[PDB]
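Heads up, what comes next is one protein chain in two forms, each shown on its own as structure tokens, labelled structure 1 and structure 2.
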Structure 1
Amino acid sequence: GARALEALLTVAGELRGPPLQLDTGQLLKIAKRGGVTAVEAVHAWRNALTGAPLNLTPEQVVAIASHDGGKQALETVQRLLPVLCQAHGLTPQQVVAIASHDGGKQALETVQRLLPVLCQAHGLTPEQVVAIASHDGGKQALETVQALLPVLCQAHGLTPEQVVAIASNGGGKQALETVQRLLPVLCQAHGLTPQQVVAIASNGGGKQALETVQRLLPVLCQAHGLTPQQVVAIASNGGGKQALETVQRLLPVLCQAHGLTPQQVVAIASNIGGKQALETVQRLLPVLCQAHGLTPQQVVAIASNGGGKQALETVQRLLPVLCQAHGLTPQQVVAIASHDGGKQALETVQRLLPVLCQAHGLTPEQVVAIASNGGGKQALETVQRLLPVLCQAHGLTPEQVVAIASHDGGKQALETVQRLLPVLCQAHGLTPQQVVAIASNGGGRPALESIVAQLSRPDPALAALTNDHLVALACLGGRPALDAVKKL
């Protein structure tokens, strides 16, 4: 707190310049999350970390420092990164990721120790081991995978990949041990498949979710009239214990006082933060359907996404100013709000609507179309930045830019165009329309990436097709479409 800021101010000047050049947000973050020690450690080793053999970026260092025990993780990286890159074939990016969590020292040491056994004896890839390690308590998860992977596969009939999926969240050790304990009970008493069991276990707090399913399954079914498929769907997100308990508590209330169906209730609870969306519907539905004039159908549709609560509140706060100061319609506002991160999207529209219409000459329908996707906020911001860049450098039309941005991951598709259009046109003879067309579905980024990988390093199975055929195939079904044909 006070000591942390003390150390920070004393040092701020130096690391604000070479070799780190940390902005103030980076300085506060390290102080707040890594503490005095992390602040001092970063200042001490600021040279060792930015240079050979390590060559870490400022971002990378900040990210390792900004945790409980940052000094230790920073110490451990400097020591073990070469060995893990040299003698285990891991990338520096991977070493950093293992490091960037509470207890990063343990995870790094445990990986060095257990990666050989986990790969050579349990048939795991290094990527898989890295994924298990890349969370709080990774040491525990890796050790528990080492102990329990074979019994979970040999006796319970899970696959390695299911086991890795259960291990690869925080509390992975807890989730795995619970599955071992509860899988037979939950299958052979409540009637669940091991797939359903894995699904519930494969999010953070899985142990809690599993235990709550055992406890509450009979009640939700034999009393509230829900099916086990529905209970599983509620439980199959992070905080699934919170969502289950909340369905039990609020399902009658929500149906009877606000007129919703179980169907709609289950839909609201079946998302990360489901407990929050439920309680926010119960508290926000009146105001919305009355003072604002929304239907319950519309309110349900807004709440039935990850972080539904945030969308709901932002709609209530912005439904006026949007419908009367930018001339949007409530149906549009609903459409924007009805995706994960709806709040972020709504706020970004309000801020960038006049700029995109009045400066770049877009229509408000085009803005709504860009905003009505997951990551709507990202897509809008990247249009603002990359629209002039793409029109001026490559002659893309604003229509084409809109098209690329109006899917999920539109930010990625847009950036991948900026990066890959020159090599695809110049060095491979694609036309911009072709490039745009490939980027004009979802998975624009990976489709474009898949295309350039083939063009610059052909797999034989694909070398039988002309560039045009490849383009047509990329336009047909993106990266999955290229992979399907390689597999022939």
Structure 2
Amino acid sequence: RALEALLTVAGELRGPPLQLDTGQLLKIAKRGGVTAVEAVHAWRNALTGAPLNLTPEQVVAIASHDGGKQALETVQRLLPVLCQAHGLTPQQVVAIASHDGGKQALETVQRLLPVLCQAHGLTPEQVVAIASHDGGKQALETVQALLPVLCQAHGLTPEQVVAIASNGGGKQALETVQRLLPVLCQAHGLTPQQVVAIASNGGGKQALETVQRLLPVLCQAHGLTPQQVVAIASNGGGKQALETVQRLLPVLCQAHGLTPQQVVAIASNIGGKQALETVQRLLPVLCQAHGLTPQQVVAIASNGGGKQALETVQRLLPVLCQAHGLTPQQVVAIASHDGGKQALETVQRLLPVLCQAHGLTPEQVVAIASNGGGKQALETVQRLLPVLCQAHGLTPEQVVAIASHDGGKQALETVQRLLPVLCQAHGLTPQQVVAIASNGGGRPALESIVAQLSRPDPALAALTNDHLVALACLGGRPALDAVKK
């Protein structure tokens, strides 16, 4: 009988000061719950207004987790203390809240930040890193606790300790390293380095126990070099890829004619369990009715979310080749990255619109879709290729060159925003800008140049605008950063 108030509330959030859309109320109501939704509406005016000055997106980002209400009340209370007593940016405060049990991680940060920063020479960037996950305060307490005994007695660096703690379940990972480090750097014969690689992913603990167990087994059985097994486990949810390999290695090996190199090459990714399993269902069909080769199959499988890519290829190769006229070779190009499934769906959807009101060739389209975030780049091209070419004096071929990299989208937006100030204000030519953006690292290379030009370092005017440009072209921000030094 309260459903009336609930809906009235979730109808009133649709206006000021928050103006939320369906999918956001859905996001909150989902992960945050009825009580997150209600709290949001209570503090809409208090969260938005000074001194907190939060944004709608920020407020959703907090609310939409187990704890939403708690984390909202906590953030309201602590943001000022964290920023003014502890020199944190509101951004960082938000990143820490935006997880399950915000309240815990915030409070624990406020408490431990001094003693970790002072007494344990950590930087607030690092502490923020560790708090910014689920169970952040477990992580925090376990770092406070174990950092000495881990650095001194086990011989680690604090950067490694930080790296292991900056996953969800960092607590468990720290303790598990503390336990098993000796029983691996000696008993199966591994670098720390390797162990550290293993423990620095979520489920690092699981991956650690699992290896501790199977490294003697799997490495003197199926013939895996132990380097290969580390490879496998020093990845997302390794555990599962380790067992899944223990099962499916001989099979796919003998029953599917797969070399251990490729099985290993598949499991050596996030969700490798799913990649191995799905390759075991679908390796056939794919090579039978689709003509694809085992090589190309392994290929599609050896990026992250292999299973999505595989299944989307099995479902979309024919309609793609048959209707939109693409080669199997091209389809494999588009699938052979992370988010492949997405890349494919977006192509199939967009090849039409793109190759028409934009005059884009299918080859340009497949070029765009054949990198990570391919779908992002596509959508961004579709949105901007009008805005750009026209009211900014570019050509489709250039827009294509800017999209045709990882971060295609970041690059296209950054260009949209910075073209004016760089061309005019600092006297650069569009060919230059385009040169720079047309690499992976576009966004930051642009930003790093624009910065270098608007607040030009006094002992950096040794170099010419065109030398800078040559350098952002060469190695983006990394290279313009190796100058300001």
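The first residue in the sequence of structure 1 is number 1, and each one after it adds one. Take the two forms, superpose them, and find the largest set of C-alpha atoms that agree within 1.5 Å; that set is the rigid core.
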Subject >> Rigid core superposition, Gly51 Cα moves 2 angstroms or more between the two structures >> reply: no
Original post:
For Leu462, is the CA shift between the two structures at least 2 Å following rigid-core superposition?
Top reply: yes
Subject >> Value in Å for the CA shift of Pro422 between the two structures, taken after the core is superposed >> reply: 1.1
**OP:** Any chance you could measure the C-alpha shift of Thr110 between the two structures with the core superposed, in Å?
**Re:** 0.6
Original post:
After superposition on the rigid core, what is the displacement of the C-alpha atom of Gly13 between the two structures, in Å?
Top reply: 2.2
